[PDB]
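A quick write-up on the structure given underneath.
Because the Cβ atoms are built from the backbone with ideal geometry, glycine has one as well, and the counts that use them run over all protein chains shown. Throughout, read-outs are computed from the coordinates displayed, never taken from laboratory work.
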Ligand SMILES: Fc1ccc(-c2cn[nH]c2)cc1
């Protein structure tokens, strides 16, 4: 049972700016998604400081990068706090309407797309490299859901019947055909060392074959 939703106008315009602008420094998407994961991991560690049973759904706090060349996908898994259904619908837990207002003022006043993370909407930089993004998520207080969008002004949300997650968020990037470099081992390593050396959680890059 799939529900289809319209993006708010300001979000749809942010995603088409990201899809259509000529901007070569596309590798920042990964920095942005890892930093979102690290923020959700901070949130569940804070909650467990007073209630330890909030880690009954998994005590390990980590980030995994899983390239898959046959599927042409890059997946970013974290065991962070996760999103409820209401977070998913509400622009994936962000204040995206006002953050796009600020961001897209800054672009006309000096800034460039690489500062998108300073406005709370870094998730959407995923569309620099992906034609389609799927977010599987499980929050302790809700069921597991799948959010899905190929841009074009709409997204879908459904109950995910697949592999139980325990707790966390899985961002699946279905990459554009000319962005396959972000599936190679040495290119991902180079981006993680460049932009994410101080993330306070173990980032494991899986290998293939
Ligand atoms: F409210 C939220 C909770 C978790 C996340 C997230 C983003 N990447 N991984 C997890 C985003 C919003």
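Rank these for me by crowding, 182, 201, going from fewest to most other beta carbons within 10 Å.
Lowest count first: 201, 182.
Taking 22 Å as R0, compute the FRET efficiency from the Cβ-Cβ separation of residue 35 and residue 70 and round it to 0.05.
0.20
Could you sort 174-181, 136-143 so that the peptide with the highest average Cβ count within 10 Å comes first and the rest follow in order?
Order by mean packing, descending: 136-143, 174-181.
Within the stretch 69-83, whose backbone N sits under 19 Å from a point 7 Å along Cα→Cβ of residue 209?
Those under the cut-off are 69-73.
When 57, 16 are ordered from fewest to most other Cβ atoms inside 10 Å of their Cβ, what list results?
Ranked by crowding around the Cβ, least crowded first: 16, 57.
What relative contact order, as a whole-number percentage, does the stretch 2-205 give when Cα pairs under 8 Å and 6 or more residues apart are counted?
32 percent
Going by average Cβ density within 10 Å per residue, which order do the peptides 115-126, 2-13, 82-93 take, highest to lowest?
Per-residue Cβ counts within 10 Å, averaged per peptide and sorted highest first, yield 115-126, 82-93, 2-13.
Using the Kirkwood radius over C-alpha pairs as Rh, can you work out the diffusion coefficient of the chain via Stokes-Einstein at 4 °C, viscosity 1.567 mPa s, in µm² per second?
The calculation lands on 74 µm²/s.
Using helices alone, I'd like the mean residue ellipticity at 222 nm for the chain: each DSSP H run of four-plus residues gives -39500 (n - 2.57), total over residue count, nearest 500.
That calculation yields -9500 deg cm²/dmol at 222 nm.
So if I take the centroid of the Cα atoms in the stretch 65-120 and the same for the stretch 1-45, what is the distance between those two points in Å?
So the separation of the two Cα centres works out to 3 Å.
Please figure out what share of the DSSP beta bridges in the chain is antiparallel and state it in percent, rounded to the nearest 5.
Given both bridge residues lie in the chain, the antiparallel proportion sits at roughly 90 percent.
For residue 185 and residue 197, compute 0.36 nm times the residue count separating them, minus their Cα-Cα distance, and round to one decimal in nm.
Here the answer is 2.7 nm.
So for the pair residue 97, residue 50, with labels modelled 7 Å out along Cα→Cβ, what separation do we get in nm?
About 2.9 nm, to one decimal.
Sort 48, 98, 149 by Cβ crowding within 10 Å, fewest neighbours at the top.
Going from least to most buried by this count: 98, 48, 149.
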